[PDB]
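Data first, discussion second: the structure below is written as structure tokens.
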DNA sequence: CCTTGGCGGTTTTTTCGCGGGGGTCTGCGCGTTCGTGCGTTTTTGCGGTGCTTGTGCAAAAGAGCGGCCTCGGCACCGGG
């Protein structure tokens, strides 16, 4: 379901960054880099959860993993 | 305080970037049809109470009996 990140949505995301024109081949590249980033953060959150002896990933594990990667997130109980 | 290799100014050379010009194609813009998301109400699962099913802990007398012992009576060893 990587195709679920649809073309208008990624167009909107590029548009927030101030981009005027979009190449036709860029969408697969953005899907790939988003997959890589999500893979890394999800992996770290999952092993945090497995150390915590839990079966449900909470928001704290996600914020912890992100802050450990230098991508500190405010607003979710950090 | 000694030393010398290298920065620095100067003069030739050489070469890459930008602009102009041109051409091409491809995302952008808009219209039409289709999908599949958020929003509700319904369904299945986890739990508790109440009810039902299992089960541990007074002489007296006779009759009959087993063990037993004396005894009867016999066969047998030793010798000729």
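Considering chain A, its Cα convex hull presents a mean projected area of 6.5 nm². Quickly work out the residue A:30-to-residue A:52 label distance, labels modelled 7 Å from Cα along the C-beta direction, and quote it in nm with one decimal. Going from the residue A:52 label point to the residue A:30 one covers 3.1 nm.
Report the calculated FRET efficiency for residue A:60 and residue A:22 (r = Cβ-Cβ distance, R0 = 35 Å), to the nearest 0.05. So the FRET efficiency works out to roughly 0.45.
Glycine also receives a Cβ, built like all others from the backbone with ideal geometry; neighbour counts cover every protein chain displayed. None of the figures in this text is laboratory data; all of them are computed from the coordinates on show.
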